[PDB]
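To keep things clear, I will list the structure first and then write my remarks on it.
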Amino acid sequence: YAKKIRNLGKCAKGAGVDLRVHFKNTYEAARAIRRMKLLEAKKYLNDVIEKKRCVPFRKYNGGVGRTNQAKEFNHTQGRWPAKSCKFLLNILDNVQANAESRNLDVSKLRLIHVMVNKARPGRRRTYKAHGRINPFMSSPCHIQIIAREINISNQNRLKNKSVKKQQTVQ
Amino acid sequence: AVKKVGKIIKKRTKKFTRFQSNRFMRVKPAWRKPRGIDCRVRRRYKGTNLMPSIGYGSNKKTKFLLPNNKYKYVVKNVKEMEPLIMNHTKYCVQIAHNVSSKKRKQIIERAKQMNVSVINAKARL
Amino acid sequence: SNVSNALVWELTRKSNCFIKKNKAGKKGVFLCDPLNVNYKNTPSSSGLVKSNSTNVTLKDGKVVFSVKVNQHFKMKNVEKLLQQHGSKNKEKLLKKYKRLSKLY
Amino acid sequence: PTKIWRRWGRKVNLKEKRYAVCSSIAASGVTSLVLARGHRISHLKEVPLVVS
Amino acid sequence: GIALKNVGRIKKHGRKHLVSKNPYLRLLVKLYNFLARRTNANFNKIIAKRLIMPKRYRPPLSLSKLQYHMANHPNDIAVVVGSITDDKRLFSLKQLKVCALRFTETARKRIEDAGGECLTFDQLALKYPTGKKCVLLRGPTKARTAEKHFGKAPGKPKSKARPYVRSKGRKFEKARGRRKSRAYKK
RNA sequence: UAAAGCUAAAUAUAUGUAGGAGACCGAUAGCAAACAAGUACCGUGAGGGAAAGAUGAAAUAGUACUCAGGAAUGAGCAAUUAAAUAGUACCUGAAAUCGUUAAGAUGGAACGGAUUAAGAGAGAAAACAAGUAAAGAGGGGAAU
RNA sequence: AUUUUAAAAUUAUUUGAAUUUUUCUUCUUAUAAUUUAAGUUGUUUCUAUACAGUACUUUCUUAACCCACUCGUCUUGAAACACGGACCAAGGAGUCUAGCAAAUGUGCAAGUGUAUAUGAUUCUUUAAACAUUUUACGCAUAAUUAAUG
RNA sequence: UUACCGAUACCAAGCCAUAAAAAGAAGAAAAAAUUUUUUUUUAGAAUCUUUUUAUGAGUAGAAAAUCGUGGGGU
Ligand SMILES: [Mg+2]
Ligand SMILES: [Mg+2]
Ligand SMILES: [Mg+2]
Ligand SMILES: [Mg+2]
Ligand SMILES: [Mg+2]
Ligand SMILES: [Mg+2]
Ligand SMILES: [Mg+2]
Ligand SMILES: [Mg+2]
Ligand SMILES: [Mg+2]
Ligand SMILES: [Mg+2]
Ligand SMILES: [Mg+2]
Ligand SMILES: [Mg+2]
Ligand SMILES: [Mg+2]
Ligand SMILES: [Mg+2]
Ligand SMILES: [Mg+2]
Ligand SMILES: [Mg+2]
Ligand SMILES: [Mg+2]
Ligand SMILES: [Mg+2]
Ligand SMILES: [Mg+2]
C-alpha cells in the first residue's frame with residue numbers, strides 16, 4: 001500500500017485485484033469518497049447506485065452530462081456510475097469486515113487513502129471500415145483502500161541587540 | 001554568476017544543460033553541442049542556453065581543489081592511503097563507493113592516524 | 001652501457017605498476033614505490049630511477065627502513081641507520097618516520 | 001557483417017621480432033625495470049637471476 | 001576586433017616534438033635540446049632539429065659520399081643525423097671519424113677496418129659540445145623515389161615527374177599524350 | 001607419338017553426423033528457431049513464418065489456518081522463507097503514461113536564458129578552537 | 001633560494017659645487033634606515049566560545065525585472081502558411097577485404113621480405129612461438145626503344 | 001549649444017585556452033607556543049615547471065587533445 005502509516009493497529013486495509021470496471025468512473029467515485037467517514041461513504045455509494053446523489057466528474061469530464069445533483073459539490077457535471085459503485089461498495093464492505101476483525105469501531109473510521117490505479121487491459125477486437133481491426137480494450141483497475149480510526153540559538157551580540165531593541169520600544 | 005569563497009573563484013555555478021532538454025524527456029540534460037543549421041544556441045542568440053567554453057575554466061592553481069582547498073583522492077584500500085602520508089594537507093580521501101563497512105571503518109581509522117581528511121566518513125555509519 | 005637512469009625514467013614514466021593517478025580529482029599522480037620518499041612520480045624522487053635511495057615504509061604492519069644493491073632494517077635506531085648509510089632529505093625521512101609511527 | 005576474411009594475423013619482420021626478444025631479455029636483466037613490471041623482487045640479490 | 005593575419009597567433013610550420021617513442025632517441029633529443037638552449041651554438045640547434053625530423057628527411061648517407069665530403073678537410077669529424085650505409089662501389093676507405101645516428105653493420109665494419117672511428121651522438125656531444133671541428137652533412141633528400149612523382153604533374157609540359165603506373169612496357173602510358181604520333185606529347 | 005582404357009597421394013568440403021576450440025553473440029543479439037520452431041498462424045497454391053528464457057538454496061518450503069465475501073479476491077492477532085513490493089504474468093524492474101499525498105503556481109499556452117529574492121529540502125569534508133590538564137574505554141610500537 | 005635586487009624616491013646625517021637664493025633649490029662624497037620603489041596591508045568587530053538553527057554553503061521550487069519563435073532539414077533565405085517529429089525504451093548508419101599511393105612510426109639497408117614448404121626435446125594455451133637446411137620468387141639495385149635490342 | 005544614456009566594439013585589471021616568447025636538469029622561510037617544542041610548506045613530472053606578451057566569431061570542412069561503452073593482455 002502506497003501510504004505512510006506509523007501505527008497499523010489503528011488502520012484497516014482492503015483491496016481489489018483487477019476490477020472489471022472503468023478506471024475513470026471508479027477514479028471519480030474514489031475522489032468523491034475520499035476523506036469521508038467509512039459509513040458515510042458507504043451511504044453515499046448506496047445513494048448513487050439508487051441514482052439519488054451523483055458523483056461529480058471533475059477530472060475525467062469530457063462529454064459527461066450536466067446533472068441537477070452536482071450542485072451539492074459546487075460543480076455542473078456528474079454521473080451515477082453503478083457498476084463502479086458496486087465494486088467500490090464491495091471493497092468498502094471488505095474493509096469494514098477487516099476493521100471488525102481487528103478492534104476498530106466503524107463509526108470512527110475515515111478513508112485516509114482511496115487509491116485507484118489502472119490495471120493491465122484485457123484485449124478484444126473491433127472491426128472497422130475497409131478491413132481494419134482495432135483494439136477494443138477494457139480499462140480495469142486496482143483499488144487500494146485504507147480506513148483509519150480517528151478522533152534555538154542565542155549569541156551575545158544578538159542578545160544585546162535584542163535588549164537594545166526592547167529598550168527602544170519601551 | 002561568479003562564486004568566490006576565498007581564493008577559489010568559480011565562474012559558473014550553473015550546469016550547462018543540453019538545449020531543449022527541458023522540452024523533451026528523450027533529450028537528456030548532459031551537454032551536447034548543437035550542430036545543425038538554425039540552432040539559435042549554436043548561433044548564440046540572446047536569451048537562449050549558453051555554450052560551455054574554455055573561457056569558463058578555473059584558474060590553473062585552484063582547479064581541482066574542493067571547497068576544502070584539497071585535491072580529492074579516491075581510495076579503495078589501505079595500501080593506497082600511504083601515498084598521502086607525505087601530503088596530508090593537500091589531498092583529502094574519499095573512500096570508494098564499493099568498499100565494505102568493516103574495510104571502510106579500517107580506512108577511516110587509518111586516515112585519523114594520518115591526520116588526513118575523509119570527505120565521506122559517514123558512509124554506512 | 002645499455003641502461004642508465006634517464007633511460008629507465010623514459011621507459012617507466014608512464015608504464016609503471018606502482019603509479020596510481022586519481023581519475024576523480026584529476027590533479028595528482030603518485031608513485032607507490034618501496035623506495036620513494038615523497039610519493040611523487042619524478043625521476044629525481046623515484047626509487048627505480050635513482051641509484052642510491054633510503055625510504056621509510058610500512059610494508060606489513062611494522063615500520064621498515066629501506067636502502068639501496070638493496071637492504072632492509074627496522075627513532076634513534078632510524079637516525080643511526082641514516083648516519084650509517086646516508087647521501088634535508090634525512091630530515092624529510094625522519095619526519096615521515098614520525099608519521100608512520102603514529103599509524104597502526 | 002563480420003567475415004572470416006578479416007586480416008587476423010600480422011606478419012612481423014623476423015629481424016624486428018628478434019630485436020624485441022633481445023630487448024625483453026635485457027629488461028629482464030635490469031632490476032628497476034623488473035620492479036616496474038610489478039614483481040615483488042625486493043628480496044632477490046641479483047636480477048639476472050641464475051640458478052644451478 | 002583587430003585587423004591581423006592569422007589573428008595575432010604566429011604560425012610555426014614544422015615539427016614540434018619528435019613523434020617517435022624510441023627512448024634512446026628521446027634521450028638524445030633531450031640532450032641536444034639542452035645543449036642548443038644553453039650552448040646557443042647553432043650547430044647544436046641544427047642537430048636537435050634534425051633529430052626531431054622524420055625518416056625521409058634523415059636519408060641514408062653513403063660511405064662514398066661521406067668520403068667525398070671529408071676530402072678537403074681531413075681529421076675533423078663528419079656528423080650525420082641519419083643512417084650511414086656502406087658502398088660496395090668504394091674500393092679504398094680513408095681514416096674516417098664519423099658521428100651518425102645509425103651505421104649499417106657492413107659500413108661500421110668497413111670504418112673499423114679503415115682504422116676509423118664510429119661515434120654515436122652522445123659520444124660526439126661529450127667530445128665536441130659546441131661542435132668544434134665538426135661538419136654537418138645530409139644524405140640525398142630529394143633522391144627518394146616518392147619525390148620523383150611530385151612537382152608539376154606529368155601532363156604539364158616539361159615536367160620530369162614519373163606517373164604512377166602498374167608497370168613499364170609499351171602497353172602502359174606510352175601512347176596518346178606521350179608521343180607526337182598519338183595526338184600530342186607529355 | 002592423337003583418334004582405346006585404368007590408376008594411390010598431395011587438393012576441396014556453407015551438406016550430414018560426431019568431437020574440440022574462440023580477444024565471437026548474450027534473448028530486439030546469436031541460426032528463423034536458448035522455449036512442445038520450420039512450431040503456431042496466414043496463403044487455393046508455389047510459399048510466407050512469428051512471439052515466447054530467468055521465483056527460490058530448497059517448492060521433498062508453491063501459500064495451511066481464521067475472518068469478510070455468491071465467488072473472485074481481500075484482510076489478518078495467522079504463515080513458508082534470509083527475503084513474498086521473490087507469490088508462480090514471480091530476478092533486477094528504467095522511461096513514456098497513470099494514481100495517492102504534500103507544497104506551490106494559475107487574466108488567451110507552457111517551458112527556457114541571465115539576475116537576485118522568497119520559500120522548501122539536504123548538508124560541516126574550509127565554513128573556529130590546535131594543544132595542555134584531570135580518568136575512562138581502547139589499540140600499537142620500541143627499550144631490557 | 002638573489003633582478004621584491006640594483007637604482008629611483010623619502011627621511012635624518014656628511015663632502016663639494018651650481019643660479020632657478022629657495023623649511024620640497026638642485027645635483028654628488030659617504031652612511032644608516034624607510035616606501036612614494038619592489039601588484040594591499042593593517043586595526044576592530046562579527047560568524048562564535050558554534051557542531052547545524054531561522055545563520056552559513058548548496059539543491060530544487062516558485063515569483064519578479066529584462067530577454068527568449070519548433071528542433072532536425074534541404075535552401076540565397078525557415079519561427080514559417082516548406083517537409084519529418086504524439087510520447088518513451090532498446091536497436092539503428094563510412095565498415096571490412098583487395099591492390100596503389102601519401103603521411104608518420106619501426107626494423108634492416110644495396111639490399112630487403114624466409115613465400116610455399118621443411119625442421120625441432122613444438123604440442124592445455126601452441127591454429128603461436130622458434131628455426132632455415134652440414135643463386136626460389138617479389139620489389140629495389142638502370143635506363144630506353146615498337147622492335148632485333 | 002551643452003549635458004546625459006547607450007554594445008559582446010574601446011580602455012584598465014583579473015581568470016581560462018591557444019600561439020609564440022623568455023628560461024629552467026638544490027636551498028630554511030615564517031608564525032605560534034615556552035632557549036626548546038609544535039604547526040604548515042622545504043618544488044625540479046621537459047608533450048614538464050615558472051614567468052611574459054598577444055590573441056580568442058564561425059557553417060561545409062580539416063586537425064589535436066580529451067570523455068565514455070563491449071571484450072583482450074598486463
Ligand atoms: Mg543558415
Ligand atoms: Mg579564425
Ligand atoms: Mg592416351
Ligand atoms: Mg580416367
Ligand atoms: Mg531471437
Ligand atoms: Mg543476508
Ligand atoms: Mg523490491
Ligand atoms: Mg538471481
Ligand atoms: Mg519482479
Ligand atoms: Mg477562458
Ligand atoms: Mg521578447
Ligand atoms: Mg527555394
Ligand atoms: Mg529551422
Ligand atoms: Mg505542404
Ligand atoms: Mg521534400
Ligand atoms: Mg507529421
Ligand atoms: Mg516516426
Ligand atoms: Mg612509408
Ligand atoms: Mg573558435
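The chains in the C-alpha cells are called A, B, ... from first to last as shown; in each chain the residues are counted from 1, and the ligands are counted from 1 in the order shown.
Every residue having at least one atom no farther than 8 Å from ligand 9 is included below, with only C-alpha atoms (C1' of nucleotides) and all ligand atoms taken into account: residues 86, 90, 91, 92 and 93 of chain F.
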Selection as an MDAnalysis selection string: residues within 10 Å of ligand 12 by only C-alpha atoms (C1' of nucleotides) and all ligand atoms: chainID G and resid 74:77 82
Could you write out the selected residues, including N, CA, C and O atoms (P, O5', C5', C4', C3', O3' and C1' of nucleotides), as a PDB file, in the first residue's frame?
```pdb
ATOM      1  P     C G  74      20.948  19.322 -44.670  1.00  0.00           P
ATOM      2  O5'   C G  74      20.648  20.140 -46.004  1.00  0.00           O
ATOM      3  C5'   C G  74      20.607  19.453 -47.271  1.00  0.00           C
ATOM      4  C4'   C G  74      19.380  19.808 -48.082  1.00  0.00           C
ATOM      5  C3'   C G  74      19.430  21.119 -48.834  1.00  0.00           C
ATOM      6  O3'   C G  74      20.413  21.120 -49.858  1.00  0.00           O
ATOM      7  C1'   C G  74      17.264  20.805 -47.959  1.00  0.00           C
ATOM      8  P     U G  75      21.440  22.340 -49.944  1.00  0.00           P
ATOM      9  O5'   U G  75      20.483  23.604 -50.016  1.00  0.00           O
ATOM     10  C5'   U G  75      19.651  23.792 -51.160  1.00  0.00           C
ATOM     11  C4'   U G  75      18.734  24.964 -50.948  1.00  0.00           C
ATOM     12  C3'   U G  75      19.398  26.326 -50.844  1.00  0.00           C
ATOM     13  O3'   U G  75      19.686  26.881 -52.122  1.00  0.00           O
ATOM     14  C1'   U G  75      17.791  26.095 -49.135  1.00  0.00           C
ATOM     15  P     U G  76      21.103  27.567 -52.400  1.00  0.00           P
ATOM     16  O5'   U G  76      21.094  28.847 -51.464  1.00  0.00           O
ATOM     17  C5'   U G  76      22.296  29.612 -51.372  1.00  0.00           C
ATOM     18  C4'   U G  76      22.018  31.018 -50.916  1.00  0.00           C
ATOM     19  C3'   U G  76      21.147  31.141 -49.685  1.00  0.00           C
ATOM     20  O3'   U G  76      21.910  30.887 -48.514  1.00  0.00           O
ATOM     21  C1'   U G  76      20.489  32.723 -51.330  1.00  0.00           C
ATOM     22  P     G G  77      21.367  29.838 -47.438  1.00  0.00           P
ATOM     23  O5'   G G  77      20.059  30.551 -46.877  1.00  0.00           O
ATOM     24  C5'   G G  77      20.154  31.828 -46.224  1.00  0.00           C
ATOM     25  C4'   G G  77      18.794  32.465 -46.064  1.00  0.00           C
ATOM     26  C3'   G G  77      17.716  31.611 -45.420  1.00  0.00           C
ATOM     27  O3'   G G  77      17.814  31.690 -44.001  1.00  0.00           O
ATOM     28  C1'   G G  77      16.855  32.646 -47.364  1.00  0.00           C
ATOM     29  P     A G  82       5.063  27.577 -46.622  1.00  0.00           P
ATOM     30  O5'   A G  82       4.518  26.081 -46.555  1.00  0.00           O
ATOM     31  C5'   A G  82       5.137  25.044 -45.764  1.00  0.00           C
ATOM     32  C4'   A G  82       6.032  24.194 -46.628  1.00  0.00           C
ATOM     33  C3'   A G  82       6.432  22.841 -46.042  1.00  0.00           C
ATOM     34  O3'   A G  82       5.490  21.829 -46.404  1.00  0.00           O
ATOM     35  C1'   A G  82       8.372  24.034 -46.655  1.00  0.00           C
TER      36        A G  82
END
```
Exercise answer, chain G residues close to chain A, 9 Å and only C-alpha atoms (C1' of nucleotides), as a VMD selection string: chain G and resid 46 48 53 to 54
Expected selection as a ChimeraX atom specification for ligand 2 within 10 Å, only C-alpha atoms (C1' of nucleotides) and all ligand atoms: /E:5-7 /H:56-58
Chain C contacts to chain D at 7 Å (only C-alpha atoms) as a PyMOL selection string: chain C and resi 12+16-18+48
Can those selected residues be exported to a file as an mmCIF file, in the first residue's frame so that it contains N, CA and C atoms?
```cif
data_model
loop_
_atom_site.group_PDB
_atom_site.id
_atom_site.type_symbol
_atom_site.label_atom_id
_atom_site.label_comp_id
_atom_site.auth_asym_id
_atom_site.auth_seq_id
_atom_site.Cartn_x
_atom_site.Cartn_y
_atom_site.Cartn_z
ATOM 1 N N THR C 12 59.783 4.037 -17.928
ATOM 2 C CA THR C 12 58.801 3.850 -16.845
ATOM 3 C C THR C 12 58.051 5.103 -16.364
ATOM 4 N N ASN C 16 54.383 2.092 -15.418
ATOM 5 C CA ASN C 16 54.830 1.521 -14.150
ATOM 6 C C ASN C 16 53.720 0.648 -13.615
ATOM 7 N N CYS C 17 54.003 -0.078 -12.542
ATOM 8 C CA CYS C 17 52.964 -0.778 -11.782
ATOM 9 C C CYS C 17 52.997 -0.401 -10.307
ATOM 10 N N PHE C 18 53.592 0.756 -10.029
ATOM 11 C CA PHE C 18 53.420 1.468 -8.778
ATOM 12 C C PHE C 18 52.674 2.780 -8.956
ATOM 13 N N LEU C 48 63.107 3.759 -8.459
ATOM 14 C CA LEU C 48 63.525 2.977 -9.618
ATOM 15 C C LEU C 48 64.631 3.680 -10.383
#
```
What are the nearest atom pairs, with distances in Å to one decimal, for all residues of chain H that come at most 7 Å from chain B, using only C-alpha atoms (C1' of nucleotides), set out by chain and rising residue number as JSON lines?
```
{"residue": "H:15", "atom": "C1'", "partner": "B:59", "partner_atom": "CA", "distance": 5.9}
{"residue": "H:16", "atom": "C1'", "partner": "B:55", "partner_atom": "CA", "distance": 4.5}
{"residue": "H:17", "atom": "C1'", "partner": "B:54", "partner_atom": "CA", "distance": 5.7}
```
Residues of chain F within 12 Å of chain C, only C-alpha atoms (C1' of nucleotides) counted, as JSON, numbers by chain: {"F": [139, 140, 141, 142, 143]}
So that I have them on file, write out the residues from the current selection with N, CA, C and O atoms (P, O5', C5', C4', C3', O3' and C1' of nucleotides), as a PDB file, in the first residue's frame.
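What ended up in result-v4.pdb:
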```
ATOM      1  P     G F 139      41.878  -3.822  23.140  1.00  0.00           P
ATOM      2  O5'   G F 139      42.708  -3.958  21.785  1.00  0.00           O
ATOM      3  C5'   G F 139      44.052  -3.458  21.658  1.00  0.00           C
ATOM      4  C4'   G F 139      44.155  -2.514  20.481  1.00  0.00           C
ATOM      5  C3'   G F 139      45.559  -2.323  19.920  1.00  0.00           C
ATOM      6  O3'   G F 139      45.824  -3.268  18.885  1.00  0.00           O
ATOM      7  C1'   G F 139      44.663  -0.216  20.491  1.00  0.00           C
ATOM      8  P     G F 140      46.703  -4.594  19.166  1.00  0.00           P
ATOM      9  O5'   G F 140      48.117  -4.230  18.528  1.00  0.00           O
ATOM     10  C5'   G F 140      49.065  -3.398  19.231  1.00  0.00           C
ATOM     11  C4'   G F 140      49.586  -2.310  18.319  1.00  0.00           C
ATOM     12  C3'   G F 140      51.100  -2.132  18.308  1.00  0.00           C
ATOM     13  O3'   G F 140      51.724  -2.953  17.317  1.00  0.00           O
ATOM     14  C1'   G F 140      50.081  -0.060  18.804  1.00  0.00           C
ATOM     15  P     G F 141      52.948  -3.934  17.697  1.00  0.00           P
ATOM     16  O5'   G F 141      54.200  -2.953  17.764  1.00  0.00           O
ATOM     17  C5'   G F 141      54.709  -2.327  16.575  1.00  0.00           C
ATOM     18  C4'   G F 141      55.477  -1.071  16.922  1.00  0.00           C
ATOM     19  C3'   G F 141      56.745  -1.256  17.741  1.00  0.00           C
ATOM     20  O3'   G F 141      57.867  -1.644  16.950  1.00  0.00           O
ATOM     21  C1'   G F 141      55.456   0.451  18.713  1.00  0.00           C
ATOM     22  P     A F 142      58.644  -3.016  17.256  1.00  0.00           P
ATOM     23  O5'   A F 142      59.637  -2.612  18.439  1.00  0.00           O
ATOM     24  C5'   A F 142      60.918  -1.991  18.188  1.00  0.00           C
ATOM     25  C4'   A F 142      61.130  -0.793  19.092  1.00  0.00           C
ATOM     26  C3'   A F 142      62.011  -1.019  20.318  1.00  0.00           C
ATOM     27  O3'   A F 142      63.384  -0.824  19.969  1.00  0.00           O
ATOM     28  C1'   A F 142      60.010   0.081  20.965  1.00  0.00           C
ATOM     29  P     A F 143      64.508  -1.915  20.345  1.00  0.00           P
ATOM     30  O5'   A F 143      64.937  -1.510  21.827  1.00  0.00           O
ATOM     31  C5'   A F 143      65.360  -0.168  22.166  1.00  0.00           C
ATOM     32  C4'   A F 143      65.327   0.063  23.666  1.00  0.00           C
ATOM     33  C3'   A F 143      65.865  -1.059  24.554  1.00  0.00           C
ATOM     34  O3'   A F 143      67.284  -0.986  24.687  1.00  0.00           O
ATOM     35  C1'   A F 143      63.749  -0.386  25.355  1.00  0.00           C
TER      36        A F 143
END
```
Using only C-alpha atoms (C1' of nucleotides) and a cut-off of 9 Å, which residues of chain H sit close to chain C? Please list them as a PDB file with N, CA, C and O atoms (P, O5', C5', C4', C3', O3' and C1' of nucleotides), in the first residue's frame.
```
ATOM      1  P     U H  42      56.724  20.734  -0.171  1.00  0.00           P
ATOM      2  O5'   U H  42      58.230  21.186   0.094  1.00  0.00           O
ATOM      3  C5'   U H  42      58.735  22.440  -0.407  1.00  0.00           C
ATOM      4  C4'   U H  42      60.069  22.780   0.218  1.00  0.00           C
ATOM      5  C3'   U H  42      61.119  21.683   0.227  1.00  0.00           C
ATOM      6  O3'   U H  42      61.767  21.564  -1.033  1.00  0.00           O
ATOM      7  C1'   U H  42      61.053  22.703   2.348  1.00  0.00           C
ATOM      8  P     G H  44      60.688  17.684  -6.556  1.00  0.00           P
ATOM      9  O5'   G H  44      61.191  18.283  -7.942  1.00  0.00           O
ATOM     10  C5'   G H  44      60.263  18.468  -9.025  1.00  0.00           C
ATOM     11  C4'   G H  44      60.988  18.948 -10.257  1.00  0.00           C
ATOM     12  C3'   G H  44      62.229  18.148 -10.652  1.00  0.00           C
ATOM     13  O3'   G H  44      62.193  17.843 -12.044  1.00  0.00           O
ATOM     14  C1'   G H  44      62.758  20.454 -10.475  1.00  0.00           C
ATOM     15  P     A H  45      62.631  16.402 -12.574  1.00  0.00           P
ATOM     16  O5'   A H  45      61.446  16.012 -13.565  1.00  0.00           O
ATOM     17  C5'   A H  45      60.075  16.038 -13.125  1.00  0.00           C
ATOM     18  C4'   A H  45      59.198  15.256 -14.082  1.00  0.00           C
ATOM     19  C3'   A H  45      58.576  16.059 -15.234  1.00  0.00           C
ATOM     20  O3'   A H  45      59.073  15.786 -16.556  1.00  0.00           O
ATOM     21  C1'   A H  45      56.905  15.299 -13.674  1.00  0.00           C
TER      22        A H  45
END
```
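Distances from D:23, D:2, D:52, D:28 to chain F were compared using only C-alpha atoms (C1' of nucleotides), and the smallest one belongs to D:2.
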Expected answer as a ChimeraX atom specification: residues within 8 Å of ligand 5, only C-alpha atoms (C1' of nucleotides) and all ligand atoms: /F:27-30,33
Members of chain C assigned strand (DSSP E) by DSSP, as a PyMOL selection string: chain C and resi 19-21+29-31+56-60+62-67+71-72
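For range 29-88 of chain C, backbone-based DSSP assignment of helix (DSSP H, G or I) covers residues 76, 77, 78, 79, 80, 81, 82, 83 and 84 of chain C.
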Range 13-30 of chain B surroundings by only C-alpha atoms (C1' of nucleotides), 7 Å radius, close-in-sequence under 3 positions cut, as a PDB file with C-alpha atoms (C1' of nucleotides), in the first residue's frame:
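Once written, selection.pdb looks like this:
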```
ATOM      1  CA  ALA B   1      27.355  34.355 -11.564  1.00  0.00           C
ATOM      2  CA  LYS B   3      31.131  32.263  -6.812  1.00  0.00           C
ATOM      3  CA  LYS B  10      34.254  29.537  -9.786  1.00  0.00           C
ATOM      4  CA  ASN B  49      21.171  28.414 -23.274  1.00  0.00           C
ATOM      5  CA  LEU B  50      24.853  29.241 -23.064  1.00  0.00           C
ATOM      6  CA  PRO B  52      30.282  25.780 -22.446  1.00  0.00           C
TER       7      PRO B  52
ATOM      8  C1'   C F 111       8.868  25.696 -20.639  1.00  0.00           C
TER       9        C F 111
END
```
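Near chain H, within 12 Å and counting only C-alpha atoms (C1' of nucleotides), the residues of chain E are residues 1, 2, 3, 4, 5, 6, 7, 8, 9, 10, 11, 12, 16, 17, 18, 19, 21, 26, 27, 29, 30, 31, 33, 34, 35, 37 and 38 of chain E.
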For residue 112 in chain E: contacts at 12 Å, only C-alpha atoms (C1' of nucleotides), fewer than 3 positions along chain excluded, given as a VMD selection string: chain E and resid 93 to 98 103 105 to 109 115 to 119
Contact set, chain D to chain G: 7 Å, only C-alpha atoms (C1' of nucleotides), as a list in words: residues 5, 6, 15 and 16 of chain D
Would you export the selected residues with N, CA, C and O atoms as a PDB file, in the first residue's frame, please?
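Resulting contents of part.pdb:
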```pdb
ATOM      1  N   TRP D   5      37.346 -13.398 -43.635  1.00  0.00           N
ATOM      2  CA  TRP D   5      38.492 -12.856 -44.348  1.00  0.00           C
ATOM      3  C   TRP D   5      39.026 -11.528 -43.845  1.00  0.00           C
ATOM      4  O   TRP D   5      39.878 -10.952 -44.502  1.00  0.00           O
ATOM      5  N   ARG D   6      38.573 -11.052 -42.683  1.00  0.00           N
ATOM      6  CA  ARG D   6      39.309 -10.012 -41.931  1.00  0.00           C
ATOM      7  C   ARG D   6      40.775 -10.449 -41.780  1.00  0.00           C
ATOM      8  O   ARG D   6      41.054 -11.645 -41.707  1.00  0.00           O
ATOM      9  N   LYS D  15      63.494  -9.976 -38.135  1.00  0.00           N
ATOM     10  CA  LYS D  15      64.540  -9.178 -37.506  1.00  0.00           C
ATOM     11  C   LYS D  15      63.969  -8.378 -36.359  1.00  0.00           C
ATOM     12  O   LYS D  15      64.566  -8.346 -35.268  1.00  0.00           O
ATOM     13  N   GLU D  16      62.816  -7.756 -36.627  1.00  0.00           N
ATOM     14  CA  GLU D  16      62.135  -6.926 -35.613  1.00  0.00           C
ATOM     15  C   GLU D  16      61.797  -7.763 -34.398  1.00  0.00           C
ATOM     16  O   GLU D  16      62.024  -7.329 -33.262  1.00  0.00           O
TER      17      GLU D  16
END
```
Within 12 Å of ligand 11, counting only C-alpha atoms (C1' of nucleotides) and all ligand atoms, residues as an MDAnalysis selection string: (chainID B and resid 45:48) or (chainID F and resid 113) or (chainID G and resid 66:69)
Write the residues of the selection above to a file with N, CA and C atoms (P, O5', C5', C4', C3', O3' and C1' of nucleotides), as a PDB file, in the first residue's frame.
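Now in selection.pdb:
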```
ATOM      1  N   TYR B  45      22.059  33.417 -29.846  1.00  0.00           N
ATOM      2  CA  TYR B  45      21.051  34.461 -29.666  1.00  0.00           C
ATOM      3  C   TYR B  45      20.889  34.834 -28.201  1.00  0.00           C
ATOM      4  N   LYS B  46      20.676  36.117 -27.910  1.00  0.00           N
ATOM      5  CA  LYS B  46      20.411  36.500 -26.513  1.00  0.00           C
ATOM      6  C   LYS B  46      19.210  35.711 -26.016  1.00  0.00           C
ATOM      7  N   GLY B  47      19.275  35.260 -24.767  1.00  0.00           N
ATOM      8  CA  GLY B  47      18.147  34.603 -24.127  1.00  0.00           C
ATOM      9  C   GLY B  47      18.031  33.097 -24.273  1.00  0.00           C
ATOM     10  N   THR B  48      19.016  32.450 -24.878  1.00  0.00           N
ATOM     11  CA  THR B  48      18.971  31.005 -25.012  1.00  0.00           C
ATOM     12  C   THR B  48      20.030  30.416 -24.078  1.00  0.00           C
TER      13      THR B  48
ATOM     14  P     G F 113      17.206  27.811 -17.702  1.00  0.00           P
ATOM     15  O5'   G F 113      18.090  28.998 -18.276  1.00  0.00           O
ATOM     16  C5'   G F 113      19.045  28.746 -19.314  1.00  0.00           C
ATOM     17  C4'   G F 113      19.372  30.035 -20.020  1.00  0.00           C
ATOM     18  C3'   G F 113      19.896  31.149 -19.131  1.00  0.00           C
ATOM     19  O3'   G F 113      21.265  30.935 -18.822  1.00  0.00           O
ATOM     20  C1'   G F 113      18.222  32.007 -20.535  1.00  0.00           C
TER      21        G F 113
ATOM     22  P     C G  66      10.214  44.286 -17.735  1.00  0.00           P
ATOM     23  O5'   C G  66      11.485  43.805 -18.567  1.00  0.00           O
ATOM     24  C5'   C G  66      12.573  44.712 -18.788  1.00  0.00           C
ATOM     25  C4'   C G  66      13.789  44.003 -19.335  1.00  0.00           C
ATOM     26  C3'   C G  66      13.595  43.077 -20.526  1.00  0.00           C
ATOM     27  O3'   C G  66      13.445  43.744 -21.776  1.00  0.00           O
ATOM     28  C1'   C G  66      14.954  42.001 -18.944  1.00  0.00           C
ATOM     29  P     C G  67      12.541  43.087 -22.927  1.00  0.00           P
ATOM     30  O5'   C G  67      13.358  41.780 -23.329  1.00  0.00           O
ATOM     31  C5'   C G  67      14.613  41.883 -24.011  1.00  0.00           C
ATOM     32  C4'   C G  67      15.359  40.569 -23.987  1.00  0.00           C
ATOM     33  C3'   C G  67      14.790  39.427 -24.814  1.00  0.00           C
ATOM     34  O3'   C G  67      15.019  39.598 -26.214  1.00  0.00           O
ATOM     35  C1'   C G  67      15.410  38.605 -22.701  1.00  0.00           C
ATOM     36  P     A G  68      13.902  39.153 -27.287  1.00  0.00           P
ATOM     37  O5'   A G  68      13.907  37.566 -27.158  1.00  0.00           O
ATOM     38  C5'   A G  68      15.120  36.830 -27.373  1.00  0.00           C
ATOM     39  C4'   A G  68      14.930  35.361 -27.081  1.00  0.00           C
ATOM     40  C3'   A G  68      13.672  34.694 -27.625  1.00  0.00           C
ATOM     41  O3'   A G  68      13.790  34.424 -29.019  1.00  0.00           O
ATOM     42  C1'   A G  68      13.922  34.095 -25.383  1.00  0.00           C
ATOM     43  P     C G  69      12.741  35.048 -30.067  1.00  0.00           P
ATOM     44  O5'   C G  69      11.769  33.820 -30.355  1.00  0.00           O
ATOM     45  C5'   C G  69      11.495  32.837 -29.338  1.00  0.00           C
ATOM     46  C4'   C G  69      10.336  31.956 -29.741  1.00  0.00           C
ATOM     47  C3'   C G  69      10.691  30.579 -30.277  1.00  0.00           C
ATOM     48  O3'   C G  69       9.485  29.825 -30.101  1.00  0.00           O
ATOM     49  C1'   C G  69       9.813  31.829 -32.033  1.00  0.00           C
TER      50        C G  69
END
```
